[PDB]
Structure formats: C-alpha cells, structure tokens
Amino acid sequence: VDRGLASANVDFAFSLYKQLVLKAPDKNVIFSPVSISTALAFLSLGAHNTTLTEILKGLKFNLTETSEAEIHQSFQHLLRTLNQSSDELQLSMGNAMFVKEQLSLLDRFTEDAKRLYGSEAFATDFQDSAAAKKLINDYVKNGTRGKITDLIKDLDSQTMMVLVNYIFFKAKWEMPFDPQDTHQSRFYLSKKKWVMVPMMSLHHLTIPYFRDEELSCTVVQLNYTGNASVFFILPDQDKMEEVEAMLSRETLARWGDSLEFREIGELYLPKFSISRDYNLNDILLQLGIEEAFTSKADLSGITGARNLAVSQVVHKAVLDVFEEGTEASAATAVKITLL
C-alpha cells in the first residue's frame, strides 16, 4: 500500500518481465509479480548476511532507504489489504510453509511467518514425495479455486521445506462485452501469419486512452468493478520489442498520467486463456540472487544453523479473458533442502 513497497515491487515486475522475454522471446508471458515478490520476501525472513542482502536487493529495495524490518511490515500490510472482504471482486492471497516434521525451526521464525506473512506451518512427509507433492498442489488448488493444479511437478524426496504463495483473482468488467458481438477474426502473429480467435467487441465506449507516438504504441485502461483495472498496451506492428525495452516504473507512471478519456467507436479484444509455467532459478540468478542456491547459503534465520539451501523456485500462472470479466491465478513455490 505504501509508496516504497509499490516502487520496489513495480521495478521488480518489469525486471522479471524483461528476463522472461529474453529467455523465451517467442512465447506468451503470464506471471504474478506480487506473488513472486511475496514468496521471496517470505524466504528472506529466514535469510542472513549476503543471502539476505541479495534477495532484498534482487526484489529492488533500496537498502540505504529501508530496512528488512520495514520491508516485512510492508508485506504484512499488503496481505491484510489484499485479503479484505469485498462484494465486488474476488481477490485472495495466501502463504504457507510445508516442513519436514523433524526439522527444528526457530520459534521466532515460525511466529514471524504467521504474524507477517499469514503463513501456517504444515508438517509434511517429504520422503513420501508423491503424498507431499499432492498436499502442496491441493493447497494451491484450493487457494486458486482449481485454476492452478500442478504447481509442484517434481519434489526431491530429501526436501526439507517448501514455501508457497498463491494469488486468486476474479473480476467483472465495469463495461462487459456482449457475447453476441464476439466473432471469429484474425489475430496476426506477424505481418503475414495469423490465427483465428473469438474477437470480443464493445461499441461506443468512453475510456482512458493515450497514443504514445514516441514509443509507437496505444495504451488504454479498462476497468473492473472494484479496485482493480488493467492497462492494455498495443504496440504497432513489429514494435513489441521496442515497447518492451521501455517498460519500467517510470514509463508506466507516465502512461497513467497521460491517459485522457476518449470515445472509442469499436474496441476489439480476443477472448483467450493462456498459461505459463516457470523455473525461476536462472532468472533470479540474473537478478543477483545467488548465494541462497549455493553451499554458501545462509538461511540460519529459519533453523539457527546454516543447514538449508534453496534448490528451486517455480511459478505458474493462468489468465482467462472473456466477455463478463477476467479470472487469473498464480502461485510460487520455494523448495529448500538440507545443506
């Protein structure tokens, strides 16, 4: 909710986006930045020394202007705000830790996990890896209302802990599309290749709009009932990579401050569902988060000893856009082994 959390989380969002596109330049992208930020902030609760500093810096916090204690308090406040009751849109974010029964945890860690991140600690038998995998996937499935089913694909039988974050989002358009106006139409993959998609349309709409001539793109903001909205950015043909390289907190703020209401004759938007699964290890390493994965890992804030290390951070996200609204869900898991 506070300006320095939002500024770090947005910087992180666009840094992550840019690395995902570099890794897979021909693919759809869908992810939840705030899920990944919250999962890694949760991880940092247990980190010390260079392990900690790398995570907090990787999350784009300015440590000369903030502290780890202020950071965790900020995430506590965010989770409380996001999970408020609403009669307008459905939004939920949960955190959990799944821990080998016999692993000894600092009382301060378990208490802070519950107090700051809302996380329970589920005793989990990772040597029965299929059952542990199902329990974690079931927790995510429950939290995402069935939208994310296979967050955990493989679980090492020697896993000690898994930290999990999920986000569930379901919202109605303030101005919904009429399905009688949805028609099969071309979606151009390139100048000369297209696919046929259901193209929804709205007519005689007045919405915030900005033509960014310098970046060769058009920006519109569509609204959901409730506190959420969505920026749609439409680069001109073959200008996507130019717009992507300009993505930043500064550009998003400029776009938001440049929108003007404009009567739109017709707006055409595909009806679509897309999903992506990620192994974030190489991305996080590019962002400087390195020691947590190594034999020099310092997670002694979890146990009291330097005996734990991150093996893998995974993320899965799904996005459904249709005439009545949008449904989107994602989840992030941090798998941790003995060291």
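From 1 onward, residues are counted along the sequence shown.
Peer 1: Which is higher on mean Cα B factor in this entry, 104-112 or 90-98?
Peer 2: Comparing averages over the C-alpha atoms only gives 104-112.
Peer 1: Which has higher Cα B-factors on average according to the PDB entry: 294-302 or 26-34?
Peer 2: Stretch with the higher mean C-alpha B-factor: 294-302.
Peer 1: Which of these, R186, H183, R80, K170, has its C-alpha atom at the highest B-factor, as the entry lists it?
Peer 2: Result of the comparison over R186, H183, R80, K170: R80.
Peer 1: Comparing recorded Cα B-factors across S275, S311, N279, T66, which one is largest?
Peer 2: The listed residue with the largest C-alpha B-factor is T66.
Peer 1: By its CA B factor, does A123 count among the lowest, middle or highest third of the modelled residues in the chain?
Peer 2: It falls in the top third of the chain.
Peer 1: Name the third of the chain's ranked CA B-factors that contains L222, choosing lowest, middle or highest.
Peer 2: Middle third by C-alpha B-factor.
Peer 1: Pull the Cα B-factor of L151 out of the PDB entry and bin it into the chain's lowest, middle or highest third.
Peer 2: Highest third - that is where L151 ends up once the chain's C-alpha B-factors are sorted.
Peer 1: Could you tell me which third, lowest, middle or highest, the C-alpha B-factor of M160 occupies within its chain?
Peer 2: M160: CA B-factor falls in the middle third of its chain.
Peer 1: Grab the CA temperature factor for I264 from the record and place it in the lowest, middle or highest third of its chain.
Peer 2: For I264, whose C-alpha B-factor we compare with every modelled residue in the chain, the answer is the middle third.
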